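Asks: Any chance you could fold what I've pasted below:
(chains A and B)
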Amino acid sequence: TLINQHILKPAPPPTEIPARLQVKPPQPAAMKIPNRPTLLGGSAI
Amino acid sequence: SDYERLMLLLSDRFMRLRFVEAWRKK
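Replies: Numbers count the residues shown, from 1 in each chain, chains lettered A, B, ... in the order given. Have a look at this structure:
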């Protein structure tokens, strides 16, 4: 058995839209291998 | 050549060998 936590309350944190772009075709393309951990949400044009 | 200038939008287009040839010497 295990005793579990609970969700608190509707708390709203919105994200924001950053500005840069990238081209680089290698797998790391940043600091490490996976990409959806290291890609900025939704970027501005 | 403004077709190529349109077809290249958002393209934006040996130092790490230097810092490893010293450590391969050591």
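Asks: Please point out which parts of the longest helix along chain B sit buried.
Replies: Within chain B, and with DSSP state H defining each element, the longest helix by residue count is helix B:15-25. Neighbour counts using 16 or more other C-beta atoms under 10 Å in any protein chain shown place no residue of helix B:15-25 among the buried ones. For the C-beta atoms, the positions are set from N, CA and C on the backbone; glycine is no exception.
Asks: for it, packing partners?
Replies: Judged by 3 or more C-beta pairs under 8 Å, 6 or more residues apart in numbering or on different chains; DSSP states H and E, helix B:15-25 is in contact with no other helix or strand.
Asks: Just the C-alpha atoms of it, please, in CSV.
Replies: Coordinates of each C-alpha in helix B:15-25 appear next as CSV, following Å, rounded to 0.1, in the frame of the first residue of the first chain:
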residue,chain,number,x,y,z
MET,B,15,37.5,25.5,-31.6
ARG,B,16,36.1,22.3,-30.1
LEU,B,17,38.9,20.4,-31.8
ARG,B,18,41.4,22.8,-30.1
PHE,B,19,40.3,22.1,-26.5
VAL,B,20,40.4,18.3,-27.0
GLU,B,21,43.8,18.0,-28.8
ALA,B,22,45.4,19.5,-25.6
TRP,B,23,43.7,16.8,-23.4
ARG,B,24,44.6,14.0,-25.8
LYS,B,25,48.2,15.2,-25.4
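Asks: Please compute how far it lies from its chain's middle.
Replies: 18 Å (C-alpha atoms, centre = their mean, to the nearest Å).
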